[PDB]
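Peer 1: experimental structure and sequence below.
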Amino acid sequence: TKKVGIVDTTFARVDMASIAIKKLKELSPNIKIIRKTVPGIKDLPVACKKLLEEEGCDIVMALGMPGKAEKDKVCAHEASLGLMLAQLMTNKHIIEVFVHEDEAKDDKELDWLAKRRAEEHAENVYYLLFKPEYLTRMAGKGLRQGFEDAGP
Amino acid sequence: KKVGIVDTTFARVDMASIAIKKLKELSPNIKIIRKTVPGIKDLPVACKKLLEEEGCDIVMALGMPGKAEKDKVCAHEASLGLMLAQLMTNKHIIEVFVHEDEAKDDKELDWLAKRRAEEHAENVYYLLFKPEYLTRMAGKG
Amino acid sequence: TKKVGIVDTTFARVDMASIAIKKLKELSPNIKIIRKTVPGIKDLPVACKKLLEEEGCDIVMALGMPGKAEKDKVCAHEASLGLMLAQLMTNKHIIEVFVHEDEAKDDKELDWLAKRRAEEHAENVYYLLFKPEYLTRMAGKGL
Amino acid sequence: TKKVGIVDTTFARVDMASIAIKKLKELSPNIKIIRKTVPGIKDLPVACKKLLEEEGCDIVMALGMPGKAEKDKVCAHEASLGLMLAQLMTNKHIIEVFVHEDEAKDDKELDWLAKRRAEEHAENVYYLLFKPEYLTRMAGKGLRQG
Amino acid sequence: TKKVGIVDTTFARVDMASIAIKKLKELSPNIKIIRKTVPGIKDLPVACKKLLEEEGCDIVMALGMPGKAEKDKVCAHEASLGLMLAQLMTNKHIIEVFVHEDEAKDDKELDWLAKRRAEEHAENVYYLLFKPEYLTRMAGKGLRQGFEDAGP
Ligand SMILES: O=c1[nH]c(=O)c2[nH]c(=O)c(=O)n(C[C@H](O)[C@H](O)[C@H](O)CO)c2[nH]1
Ligand SMILES: O=c1[nH]c(=O)c2[nH]c(=O)c(=O)n(C[C@H](O)[C@H](O)[C@H](O)CO)c2[nH]1
Ligand SMILES: O=c1[nH]c(=O)c2[nH]c(=O)c(=O)n(C[C@H](O)[C@H](O)[C@H](O)CO)c2[nH]1
Ligand SMILES: O=c1[nH]c(=O)c2[nH]c(=O)c(=O)n(C[C@H](O)[C@H](O)[C@H](O)CO)c2[nH]1
Ligand SMILES: O=c1[nH]c(=O)c2[nH]c(=O)c(=O)n(C[C@H](O)[C@H](O)[C@H](O)CO)c2[nH]1
Ligand SMILES: O=c1[nH]c(=O)c2[nH]c(=O)c(=O)n(C[C@H](O)[C@H](O)[C@H](O)CO)c2[nH]1
Ligand SMILES: O=c1[nH]c(=O)c2[nH]c(=O)c(=O)n(C[C@H](O)[C@H](O)[C@H](O)CO)c2[nH]1
Ligand SMILES: O=c1[nH]c(=O)c2[nH]c(=O)c(=O)n(C[C@H](O)[C@H](O)[C@H](O)CO)c2[nH]1
Ligand SMILES: O=c1[nH]c(=O)c2[nH]c(=O)c(=O)n(C[C@H](O)[C@H](O)[C@H](O)CO)c2[nH]1
Ligand SMILES: O=c1[nH]c(=O)c2[nH]c(=O)c(=O)n(C[C@H](O)[C@H](O)[C@H](O)CO)c2[nH]1
């Protein structure tokens, strides 16, 4: 529970890793973090798996941004399937942080949205690592990452 | 016997409480363990860890897909993970998903989700102690 | 000698297992059969796998009925994927017997259709177990 | 010396196996062949895997005919996924030979098309087994049917 | 030291392998490389896996071209899933280089686009093998392989 892996891409149009890392060190100052950047979405799964199995990461955050196009939705889906499988093969959680450009109305909002979502899931990593009990307290409360919570 | 119950913070309805209460009702002594994850896609590995690392004989996965057309994709990916976790452990994972699209309002959504959770809680029971009952109800309707 | 596992559901609106079992015992009275009923479609894969690996079944029949919704089509697809994987992980066949309600024009026909399909695949199980040569003779059907 | 497994179905409306087998024995009268017929598309994966792992096949050909209904497209897709997995689990190639009825304008053409495709992939099996170098020579030359 | 596997197809209407190979040897003269050609898209996964596990490749490039038909889109998707799985099963990266004909307006452009994308991913292979740090420096920059980068 002392090590987190953060995998992002060169394809993404927003730097989500910096915000995540800063949030984790904030909650746990001495936590160990390792980063790895790959070209894009479909390169994340094996990078996340290698970190979990070869670098001793207890958990990993996968940061990606599918483009607007339809086929990008397919690539995302394929990438997400890879993430699901990597987790089942290692029995370790991979927090998926994907932000579709279709969600923002502009680049200012897209940048805001991605960083906010990254940071919020960074708290989820924290809770999963040290306060699993908190999440249960919030069970069924309709929490969201990025835009405002929806609530019960 | 032990049942694992995994739910989420994303869900807008608490389905776990109703399930747990139903199980303890049918079997007062059954041991139950809970684990809450952020959302739908985080359920598979949590269910698997419970089956393999906490001795759960069976697990209930509680989730609530969003309304968007993409949440349908996330749900589908999550369900695939649940299918695989089961095949990899040879243990059942009762999937309890409730799409918001099914209810006409939050009052109905809350009712529907809890009712479905509780009913599948009975299925867990039957699978654990009375597998014969389910056969009696085979293809019934 | 040979054992067949039959897995059905409580969700299905038609009893397809009885017809299948009767057909198998007919073609092979010395056939051993073990049944297991689960709630629905998505619960079939692991039940089929447990039968193949934990109960010594040489082959298994999976009986299910997806509903009409386009969702149900997704659940069916996910269930079928599970069946495909269970087979590859055990190197044993799982004869999938799914009947969508959309295929029948009403209940009478649905009941007929499901039972007829179950029974016909029951023959396929038979052939796969004792007369694999027959199937080859029928390779590529004839229209 | 090498062994090739051929798996087809009773669902298919065209016999694609005969043409393939004849083509292989033609190019390699010494290749070893072993056939297995299953009910349909979704029964091919495990049959192909059993041949690769239990019968010593070096490679396998999967012959199937998806139907016209979109439901048939889903089954095909699921079947193809099984074929992909069987290969990754054995580290052996499975040449997928599927022919959708939607491709022909009639049976006359459907029968021709299926047999032609089966036979052409039968050459691919040959090349993969004995002349892997040939395929490289044809890398990116748009081999399909045009 | 360091071996790159390159797998392409006879189905593809453009030779993407030559450009990739030339780019790698350019960036790493002593880089070792082997090639394997299969019929098409769906034959790539096991070929890539055999190279990673049986020929000692540290990484592999998969070059393919889905055809026009939407049927092709399904085959592509199935092929990509195979690539994702091969990677998770070997803990080695497989750089997917697919080029849909739908992306070009003509063959002149299709040929240009495929070669340019192949070459650019050839640099990604390079970076992944020797300068993983570079990719991190470009994290979130919105880089593309093929058409111009999008940028953050
Ligand atoms: O991060 C990505 N987002 C996308 O929307 C997208 N779309 C595509 O069509 C696409 O090919 N990619 C690239 C992909 O993730 C891989 O980096 C590439 O296949 C090399 O392995 C990406 N990558
Ligand atoms: O709360 C969210 N957390 C996420 O990690 C996440 N990831 C995604 O890829 C994503 O698209 N979303 C948004 C969600 O799908 C919906 O669009 C949103 O809830 C509005 O209906 C979310 N929403
Ligand atoms: O429970 C969820 N239901 C959804 O419909 C949904 N949709 C999304 O697009 C989405 O990203 N999520 C995220 C999920 O809650 C987790 O936070 C995510 O799997 C881990 O990063 C969820 N989560
Ligand atoms: O009876 C049901 N049990 C469930 O677990 C379940 N889960 C779901 O996600 C779900 O959508 N349904 C209902 C489904 O939409 C259909 O109405 C049903 O299959 C046919 O009546 C059901 N229906
Ligand atoms: O047999 C089923 N047929 C269906 O059409 C259908 N549709 C649904 O939306 C659905 O949730 N189910 C149930 C599902 O198969 C599982 O039994 C349920 O999720 C419990 O794990 C079924 N089950
Ligand atoms: O003729 C069939 N035999 C079967 O065993 C079988 N099994 C199935 O699971 C199944 O869905 N079908 C349906 C069939 O393929 C067609 O989609 C249906 O007839 C609609 O035209 C059939 N159809
Ligand atoms: O070869 C097939 N082509 C199809 O289009 C098709 N469609 C269907 O709905 C269908 O059920 N099948 C049969 C399937 O391949 C299996 O044989 C069946 O599920 C059990 O044996 C087939 N089989
Ligand atoms: O050349 C082909 N070889 C095949 O093995 C094959 N298999 C198929 O299932 C199939 O549908 N096709 C044809 C396909 O529809 C396209 O015409 C072809 O990919 C050219 O774009 C082909 N086309
Ligand atoms: O490279 C390919 N691109 C395509 O668009 C395409 N479409 C098809 O319908 C198709 O069957 N193929 C061939 C496929 O990739 C395999 O080579 C073939 O199944 C032999 O195993 C391909 N192959
Ligand atoms: O930049 C890209 N690198 C790739 O490797 C790649 N591969 C593909 O198969 C592919 O379709 N693309 C294009 C992609 O679909 C998008 O159009 C592009 O990312 C624009 O956002 C890309 N785009």
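Peer 2: Received, thanks. Residues are numbered from 1 along each chain as shown, chains lettered A, B, ... in the order given. Ligands and ions are numbered 1, 2, ... in the order given.
Peer 1: where do the strands sit along chain A?
Peer 2: A:3-9, A:32-38, A:59-64, A:94-98 (DSSP state E).
Peer 1: could the ones you listed go into CSV alongside mean neighbour count and distance to ligand 1?
Peer 2: Bear in mind the C-beta positions are built from the backbone N, C-alpha and C, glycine included. Output for the strands of chain A, formatted as CSV (neighbours: other CB atoms under 10 Å in any protein chain shown; distance: least, CB to the nearest ligand atom, whole Å):
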stretch, mean neighbour count, distance to ligand 1
strand A:3-9, 26, 5
strand A:32-38, 20, 7
strand A:59-64, 27, 5
strand A:94-98, 26, 9
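Peer 1: need those strands in CSV (columns: distance to residue C:123).
Peer 2: Below are the strands of chain A laid out as CSV (distance: least, CB to CB, whole Å):
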stretch, distance to residue C:123
strand A:3-9, 52
strand A:32-38, 51
strand A:59-64, 48
strand A:94-98, 46
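Peer 1: would you agree residue A:71 is in contact with residue E:100?
Peer 2: Yes - assessed by CB atoms under 8 Å, residue A:71 is found in contact with residue E:100 at 7.2 Å.
Peer 1: what do the two both touch?
Peer 2: Common neighbours of residue A:71 and residue E:100 are listed as residue E:73 (criterion: CB atoms under 8 Å, 6 or more residues apart in numbering or on different chains).
Peer 1: quick one on the thing from earlier: and ligand 5, which of the strands of chain A is closest to it?
Peer 2: Nearest to ligand 5, of all those, is strand A:94-98, at 22.4 Å by CB to the nearest ligand atom.
Peer 1: got the angle between the longest helix belonging to chain A and strand A:94-98?
Peer 2: Secondary structure of chain A read by DSSP state H shows that its longest helix is helix A:107-130. Between helix A:107-130 and strand A:94-98, the angle comes out at 170 degrees (axes from the mean of the first three to the mean of the last three CA atoms, to 10 degrees).
Peer 1: now for helix A:107-130, which elements pack on it?
Peer 2: helix A:17-27, strand A:59-64, strand A:94-98, helix A:132-137 (3 or more CB pairs under 8 Å, 6 or more residues apart in numbering or on different chains; DSSP states H and E).
Peer 1: does the longest one come close to chain B?
Peer 2: The reference is to helix A:17-27. No - Helix A:17-27 stays clear of chain B (CB under 8 Å from any CB of the partner chain), getting no nearer than 14.0 Å.
Peer 1: kindly report the same for the second one.
Peer 2: No - under the criterion of CB under 8 Å from any CB, chain B is not reached by strand A:59-64; the shortest gap measures 10.2 Å.
Peer 1: can I get the helices and strands packed on helix A:107-130 in CSV including distance to residue E:7?
Peer 2: Formatted as CSV, the helices and strands packed on helix A:107-130 follow (distance: least, CB to CB, whole Å):
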stretch, distance to residue E:7
helix A:17-27, 31
strand A:59-64, 25
strand A:94-98, 27
helix A:132-137, 43
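Peer 1: out of the strands of chain A, which gets nearest to residue E:40?
Peer 2: strand A:32-38 (26.0 Å; CB to CB).
Peer 1: each with direction, which strands does that closest one pair with?
Peer 2: The strands beside strand A:32-38 in its sheet (DSSP bridges) come out as strand A:3-9 (parallel).
Peer 1: residues contacting the strand it pairs with, please?
Peer 2: Residues contacting strand A:3-9 (CB under 8 Å, 6+ apart): A:15-17, A:20-21, A:24, A:31-41, A:43-44, A:47-48, A:51-52, A:55-65, A:125, A:129, E:139-140.
Peer 1: closest one to residue E:105 among the strands of chain A?
Peer 2: Closest among the strands of chain A, using CB to CB: strand A:3-9, at 27.9 Å.
Peer 1: how about that closest one and ligand 3, touching?
Peer 2: No - using CB under 6 Å from any ligand atom, strand A:3-9 stays clear of ligand 3, coming no nearer than 12.7 Å.
Peer 1: looking at chain A, which residue is nearest chain C?
Peer 2: residue A:81 (11.1 Å; CB to the nearest CB).
Peer 1: grab the nearest non-local neighbour of that residue.
Peer 2: residue B:77 (5.9 Å; CB to CB, 6 or more residues apart in numbering or on different chains).
Peer 1: so which residue is smack in the middle of chain A?
Peer 2: For chain A, the residue sitting closest to the mean C-alpha position, by CA atoms, centre = their mean, is residue A:97 at 3.2 Å.
Peer 1: among the strands of chain A, which comes closest to ligand 4?
Peer 2: It is, among the strands of chain A and with distance given as CB to the nearest ligand atom, strand A:94-98, at 21.6 Å.
Peer 1: which residues are in contact with the closest one?
Peer 2: A:16, A:20, A:41, A:48, A:52, A:59-66, A:76, A:79-80, A:83, A:86-87, A:117-118, A:121, A:124-125, A:128, A:145, B:38, B:41-42, B:45.
Peer 1: what do you get for stretch A:64-77?
Peer 2: Under the contact criterion CB under 8 Å, 6+ apart, stretch A:64-77 has outside partners A:8-9, A:11-14, A:16, A:40-42, A:44, A:79, A:96-102, A:114, B:70, B:73, B:77, E:73, E:77, E:80, E:100, E:150.
Peer 1: same thing but at 7 Å, please
Peer 2: When contacts are defined by CB atoms under 7 Å, 6 or more residues apart in numbering or on different chains, stretch A:64-77 is touched by residues A:9, A:11-14, A:41-42, A:44, A:79, A:98-102, A:114, B:73, B:77, E:77.
Peer 1: quick one, what contacts residue A:42?
Peer 2: Contacts of residue A:42 (CB under 7 Å, 6+ apart): A:75, A:78-79, E:84, E:96.
Peer 1: how about the residues of chain A by ligand 10?
Peer 2: Checking chain A against ligand 10 by CB under 6 Å from any ligand atom, the hits are A:67, A:69, A:71-72.
Peer 1: hang on, the earlier thing: give me the buried subset of the contacts of residue A:42.
Peer 2: A:75, A:78-79, E:84, E:96 (16 or more other CB atoms under 10 Å in any protein chain shown).
Peer 1: I'm done for today, thanks for sticking with me.
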